[PDB]
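Every read-out reported here was derived from the displayed coordinates using simple, explicitly stated rules and does not represent laboratory data. As a convention, Cβ positions derive from the backbone with ideal geometry for all residues, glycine included, and neighbour counts pool all protein chains shown.
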Amino acid sequence: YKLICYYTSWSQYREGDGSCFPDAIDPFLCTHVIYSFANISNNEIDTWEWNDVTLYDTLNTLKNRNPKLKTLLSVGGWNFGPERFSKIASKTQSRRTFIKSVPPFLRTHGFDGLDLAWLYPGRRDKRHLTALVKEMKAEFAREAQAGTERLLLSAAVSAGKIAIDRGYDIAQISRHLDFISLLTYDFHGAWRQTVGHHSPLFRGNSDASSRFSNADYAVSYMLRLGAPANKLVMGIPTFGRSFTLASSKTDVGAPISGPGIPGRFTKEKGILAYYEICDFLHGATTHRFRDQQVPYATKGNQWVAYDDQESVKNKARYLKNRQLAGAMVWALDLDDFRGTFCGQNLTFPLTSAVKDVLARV
């Protein structure tokens, strides 16, 4: 079973214990660690943070302790305009130039592959995304002729039905990618004012519209569209989403006035690291949707939808019963990497939980 774990560059700038460097990653925890977000300049892959070259090296040395550990660099991200991606992929001239610049880069810095995080291709993009994957993979195969292990190629894909139908030719790209990560944790819609969970596992036998907004449906669909189970990786969140209640109503459907207040170390409205959530739980009321099998907590006018050890193990068993390739954990830097916030002195509580399920068979 694969365990793809993402590490984000900007997590180094968090204050105090919030600060996280590759240094803090247990080399034996995941099977693959993806460095989050390389960039593109003059149609060529390129760094983003001033010291990425140093962190790259720091991350790739973990391989010294664990020979089997594989690493990848991800291109794109949210702070990366989708238009920018779209523009590079539409013109075969800029596309080939981008493709050609990748192998030398990865090879220089010690990565074993590239991860595409084109965050949401549009209806006019489907054709070009296919071209990108097809030609990139071809370049990788060609480069291996030089007698070196072929570079891996994966992609982070949306889990919303509409999003999928609009910009992805799944049957096509599935056959060229080494693995596909399902962003199965952006199900609640940032668009409207209502309390709701972003990573439901199941549909929930209690609300008709938007049955397409849960992990189970997303997986079943990808499988229907032609993606082999042995290439699908289900995404599991290590963070939680916060909202500021607009009323004393805490139950499902409760009105929302906006995002929850920022966290002491995360400093971003609507988001909270799992270690921040561990501190938040103190004096909070904990609830759990039985149908979706995910929890939430409330304290004051703050409503938080998150994932704990049990919801995470739950998702992991699901993943196994459907025989997928494995799990993908978004942000190791959002988990309790120090292991000093969430009671139990365990390091990487959430990611470990997933690993435990995947390893007992």
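Can you figure out the FRET efficiency of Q344 with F21, using R₀ = 22 Å and their beta-carbon distance, to the nearest 0.05?
Details: r = 23 Å, r/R0 = 1.05.
Working from the Cβ atoms, E equals 0.40.
Which residues' amide hydrogens lie under 5 Å from the amide hydrogen of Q302, considering only partners 5 or more residues apart or on another chain, with H built in the peptide plane?
Sorted by chain and number, the residues that satisfy this are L245.
How high is the relative contact order of the stretch 139-180? Use alpha-carbon pairs under 8 Å, at least six apart in sequence, and give a whole percent.
Values: 22 pairs, mean separation 18.4, N = 42.
About 44 percent, as a whole number.
Please compute the net charge surrounding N39, taking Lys and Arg as +1 and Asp and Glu as -1 over other residues with Cβ under 11 Å from its Cβ.
Values: positive: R84; negative: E44, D46, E49, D52.
Net local charge, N39 excluded: -3.
Quickly estimate the mean residue ellipticity at 222 nm for the chain, helices only: each DSSP H run with n ≥ 4 gives -39500 (n - 2.57), and the total goes over all residues, rounded to 500. All intermediate terms of the calculation are to be shown ahead of the outcome.
On the way: 10 runs with 113 residues, N = 361.
Counting only the DSSP helices, I get -9500 deg cm²/dmol.
Helix 126-144 versus the longest principal axis of the chain: what is the Cα-based angle in degrees, 0 to 90, to the nearest 10?
The two axes meet at around 60 degrees.
Give the distance, in whole Å, between the Cα centre of the stretch 1-68 and the Cα centre of the stretch 270-342.
If we compute the Cα centre of each part, the gap is 23 Å.
Output ³J(HN,Hα) for the stretch 114-121: one whole-Hz value per residue in order, computed from phi by the Karplus curve 6.51 cos²θ - 1.76 cosθ + 1.60 with θ = phi - 60°, and x for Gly and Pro.
10, 10, 8, 10, 5, 7, 6, x
Multiply the residue gap between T244 and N205 by 0.36 nm, knock off their C-alpha separation, and tell me the result in nm, one decimal place.
Working: separation 39, 0.36 × 39 = 14.04 nm, distance 2.62 nm.
Gain on extension, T244 to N205, equals 11.4 nm.
By DSSP, what percent of the beta bridges with both residues in the chain are antiparallel, rounded to the nearest 5?
On the way: 23 of 58 bridges.
Around 40 percent of the beta bridges assigned by DSSP in the chain are antiparallel ones.
Could you work out the per residue convex hull volume over the alpha carbons of the stretch 239-306, in cubic angstrom?
Numbers: hull volume 5.2 nm³, N = 68.
Per residue, the Cα convex hull of the stretch 239-306 comes to 77 Å³.
If you plug each phi of the stretch 272-286 into the Karplus form 6.51 cos²θ - 1.76 cosθ + 1.60 with θ = phi - 60°, what whole-Hz ³J(HN,Hα) values come out, in order, with x for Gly and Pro?
Listing the rounded values in order: 8, 5, 4, 5, 6, 5, 5, 6, 4, 4, 4, x, 10, 9, 9 Hz.
In debye, nearest 20, what is the charge dipole magnitude of the chain about its Cα centre with +1 on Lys and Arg Cβ and -1 on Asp and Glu Cβ, if you could check? Before the final figure, lay out the partial values.
Values: 45 positive and 35 negative charges, 271 e Å.
Approximately 1300 debye in magnitude.
Given a Förster distance of 22 angstrom, what is the FRET efficiency for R107 paired with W50, based on the Cβ-Cβ distance and rounded to 0.05?
Working from the Cβ atoms, E equals 0.50.
Using only alpha carbon pairs under 8 Å that are at least six residues apart, calculate the relative contact order of the stretch 92-174 and give it in whole percent.
On the way: 71 pairs, mean separation 34.9, N = 83.
Here the relative contact order equals 42 percent.
Between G263 and residues 5 or more places away or on another chain, which pairs have amide H atoms under 5 Å apart, with H built 1.01 Å from N, and which residues are they?
Amide H neighbours of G263: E268.
Could you tell me the extents of the stretch 264-353's C-alpha atoms along the three principal axes, largest first, rounded to whole Å?
41, 30, 24
Rounded to a whole number, what is D in µm²/s for the chain from Stokes-Einstein with the Kirkwood radius over alpha-carbon pairs (25 °C, 0.890 mPa s)?
Values: Rh = 20.9 Å.
D, rounded to a whole number, is 117 µm²/s.
Report the gain in length on full extension from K68 to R175: 0.36 nm times residue separation, minus Cα-Cα distance, nm rounded to one decimal. Numbers along the way, then the final one.
On the way: separation 107, 0.36 × 107 = 38.52 nm, distance 2.44 nm.
Gain on extension, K68 to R175, equals 36.1 nm.
Using amide H atoms built in the peptide plane, which far-off residues or other-chain residues are under 5 Å from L232 H to H?
HN-HN under 5 Å from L232: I180, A325.
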